[PDB]
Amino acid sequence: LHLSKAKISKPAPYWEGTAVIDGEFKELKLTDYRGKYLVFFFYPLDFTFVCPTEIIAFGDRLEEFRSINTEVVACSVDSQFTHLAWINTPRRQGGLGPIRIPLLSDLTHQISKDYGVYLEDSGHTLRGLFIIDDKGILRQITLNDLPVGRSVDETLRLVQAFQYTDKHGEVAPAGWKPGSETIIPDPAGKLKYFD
């Protein structure tokens, strides 16, 4: 039986720990992001394979999140010292190079267990991404098995859709992008859309 504190439409489970932020160690906590959307994602291990490509994909596109009031934080079970060393490893060596996303350390595994992403037999997490709104409420959960990375395009579309539906109180159909048709969640009002 799988156990987690992470529930959609409930407050995201609180976390705090040491992150590497612009080459320095800093205390970071979930509530530092109140007032903004947060994309909080776990990756298995520093110095491995799919993991740097995802951090780099989000990092290189960070201004696309920051301009819609959204922050990104990545997390693995490695220490902050390992995070720093990986950052100071050239991208060509499978390193990260300099990076604008905080890398949070979950050495005690408590944060992983709370978000239900810890693999007990391996001692690290799978690829779990969490979208948390400006009120600290968990809106979306995406978990991938180890071999397959996530999509920045898809995360962006999700954040946009949650902020849109937050604002207008209509609902976003399958595949919705900005500029797409939405639905009034009324059995009479829905007919606008379905005609």
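Each residue number is its position in the shown sequence, starting from 1.
Engineer: Of the two stretches 85-93 and 107-115, which shows the higher Cα B-factor on average in the entry?
Structural biologist: Comparing averages over the C-alpha atoms only gives 85-93.
Engineer: With reference to the PDB entry, specify whether the mean Cα temperature factor is higher for 140-148 or for 58-66.
Structural biologist: Of 58-66 and 140-148, the stretch with the higher C-alpha B-factor average is 58-66.
Engineer: Would you mind finding, among 52, 128, 44, 35, the residue with the largest C-alpha temperature factor in the entry?
Structural biologist: Across 52, 128, 44, 35, the entry lists the biggest C-alpha B-factor for 52.
Engineer: Name the third of the chain's ranked CA B-factors that contains residue 12, choosing lowest, middle or highest.
Structural biologist: For residue 12, the deposited C-alpha B-factor lands in the lowest third.
Engineer: Going by the recorded CA B-factors, say which third of the chain residue 133 sits in, lowest, middle or highest.
Structural biologist: Lowest third - that is where residue 133 ends up once the chain's C-alpha B-factors are sorted.
Engineer: Could you tell me which third, lowest, middle or highest, the C-alpha B-factor of residue 101 occupies within its chain?
Structural biologist: Middle third by C-alpha B-factor.
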